[PDB]
Amino acid sequence: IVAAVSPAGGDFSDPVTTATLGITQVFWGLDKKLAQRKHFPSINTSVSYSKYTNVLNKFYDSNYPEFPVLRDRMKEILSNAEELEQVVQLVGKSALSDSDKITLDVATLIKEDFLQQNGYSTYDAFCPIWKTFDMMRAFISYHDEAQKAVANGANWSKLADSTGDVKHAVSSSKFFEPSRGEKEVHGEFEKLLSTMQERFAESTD
Amino acid sequence: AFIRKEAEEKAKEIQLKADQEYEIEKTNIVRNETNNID
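- The title given for this PDB entry is "Crystal Structure of Yeast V1-ATPase in the Autoinhibited Form".

- Under the PDB entry, the name given to chain A is V-type proton ATPase catalytic subunit A, and the source organism is Saccharomyces cerevisiae.

Describing the overall build of chain B
Right, on to step 1. Secondary structure assignment for chain B yields 1 helix and 0 strands.
Right, on to step 2. Taken along its principal axes, the extent of the C-alpha atoms in chain B is 55 × 10 × 5 Å.

Some points on the overall build of chain A
Right, on to step 1. On a plain count of helices and strands, chain A comes out with 8 helices and 2 strands.
Right, on to step 2. The secondary structure elements of chain A, listed N-terminal to C-terminal, are α-β-β-α-α-α-α-α-α-α.
Right, on to step 3. Seen through its principal axes, chain A has C-alpha atoms that stretch 65 × 50 × 30 Å.

Observations concerning the environment of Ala-125 of chain A
Residues and elements named next belong to chain A.
Right, on to step 1. Mapping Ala-125 onto the fold places it in the loop between α4 (98–115) and α5 (129–150).
Right, on to step 2. Residues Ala-125 and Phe-175, 50 residues apart in the sequence, show an inter-C-alpha distance of 9.6 Å.
Right, on to step 3. In contact with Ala-125, not counting residues within four places along its chain, are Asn-118 and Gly-119.

Considering unusual backbone geometry
Residues and elements named next belong to chain A.
Right, on to step 1. Look at the link from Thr-204 to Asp-205: it is a cis peptide, with omega at 10°.
Right, on to step 2. Structurally, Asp-205 is set in the segment after α8 (182–203).
Right, on to step 3. Of note, the phi angle at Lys-38 is positive, near 60°, even though the residue is not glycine.
Right, on to step 4. Following the sequence through the fold, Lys-38 ends up in the loop between β1 (26–27) and β2 (49–50).
Right, on to step 5. A positive phi angle is found at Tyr-64, which is not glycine, with a value near 50°.

Thresholds, definitions, all that
- Residues numbered from 1 in each chain as written, not as in the entry; some residues may be left out.
- Chains lettered and ligands numbered in written order.
- Part of a larger assembly, values for the part shown.
- Heavy atoms only, no water.
- Residues with missing side-chain atoms left out of burial classes, pairs and counts.
- Helix = DSSP H or I, 4+ residues; strand = E, 2+ residues; numbered from the N terminus.
- Contact = heavy atoms within 4.5 Å.

Structure follows, in structure tokens:
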């Protein structure tokens with residue numbers, strides 16, 4: 001059952017929103033913030049939730065994908081980056097640390113290269129399960145590699161200096177191709193971790 | 001001479017860190033796989 005509710009001004013106080021949210025085991029919300037900017041499909045990470053997500057994780061484990069882990073990690077990164085946004089908007093961008101900045105940069109990367117997919121495009125219009133899973137996995141790998149590199153005593157900016165290649169590569173995973181060539185993507189991720197190792201070698205020195 | 005010595009030292013440190021990473025990853029993967037099986 002898929003039913004569209006059109007509350008006045010998008011307010012949850014409308015009878016429609018409440019009555020809908022009451023009997024629903026899952027709800028996908030639509031935001032007018034990124035829709036007004038002609039940005040891709042807009043969904044609130046602080047609003048949209050599903051109660052069927054658990055059995056969905058159990059079902060996604062059939063493909064031996066990690067739905068729950070990647071989703072919780074990305075949601076935590078999103079919440080921490082949102083709080084980081086509140087703090088940066090409060091004081092400034094010079095009042096934060098390297099890890100928080102990495103969280104904000106990762107938030108931007110997840111915003112531009114993941115949640116936003118052009119429906120009019122010949123690629124981003126439809127995203128396969130394996131494509132999104134590999135994208136989230138490679139994103140998590142780059143995030144873990146960056147977090148580990150930051151723990152080695154390297155600055156986030158200095159780490160972001162030689163990582164432009166991996167960044168452009170992570171942003172280029174939206175186009176890709178048909179079912180054939182998934183190996184090229186996973187391999188590109190391996191080349192990304194290897195690139196991280198090369199950067200580590202470069203740092204010393 | 002200094003370039004050669006620094007390169008040799010960097011490669012040596014890379015090798016030591018490589019072996020250390022091998023043993024550490026051995027213990028870690030052992031614990032992780034054991035946790036998965038359990």
